[PDB]
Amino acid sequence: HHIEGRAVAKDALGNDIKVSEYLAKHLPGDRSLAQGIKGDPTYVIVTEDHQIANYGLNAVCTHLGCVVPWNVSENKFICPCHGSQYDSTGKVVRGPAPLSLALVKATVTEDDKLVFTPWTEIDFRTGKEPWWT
């Protein structure tokens, strides 16, 4: 969680993401996958300010495991496997997925890297305690 369940965000080729370079390639609103904790596909989110959001999103659909794509037009994550839908922040807004996409703490380091750590606080979307904890 602190150091044990922590992961350096990596790109498709397994190379550590360089944040400055990453932001130079992803504009505000961008949501793209990176390799996260245990290598899980995790959305890196670029804010309106053009910064890495304080949280990432584990893209594994809570229904049956498909990696949920981001639909710019619908402004929602929509799973093509069985139609589950989640809002801009990953809150499940349409089943069959029972739970929201897992939040992941996303932190920019001093050595220009992105670190993912388990999100243990309150789920600011449901108020509920993380189902992923």
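When you see a residue number, it is the position in the sequence shown, counting from 1.
**Student:** Looking at the deposited entry, does 119-127 or 16-24 carry the larger mean Cα B-factor?
**Tutor:** In the deposited entry, the stretch with the higher C-alpha B-factor mean is 119-127.
**Student:** Rank-wise, by C-alpha B-factor, drop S32 into the lowest, middle or highest third of its chain.
**Tutor:** Bottom third by C-alpha B-factor.
**Student:** Divide the modelled residues of the chain into thirds by Cα B-factor and specify which third, lowest, middle or highest, holds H82.
**Tutor:** It belongs to the lowest third of the chain when residues are ordered by C-alpha B-factor.
**Student:** Going by the CA temperature factor in the PDB record, which third of the chain does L57 belong to: lowest, middle or highest?
**Tutor:** CA B-factor rank for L57: lowest third.
**Student:** Split into thirds by Cα B-factor across the chain's modelled residues, where does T42 land: lowest, middle or highest?
**Tutor:** As the PDB entry reports it, the C-alpha B-factor of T42 lands in the lowest third of its chain.
**Student:** Grab the CA temperature factor for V92 from the record and place it in the lowest, middle or highest third of its chain.
**Tutor:** Tercile = middle for this residue's CA B-factor.
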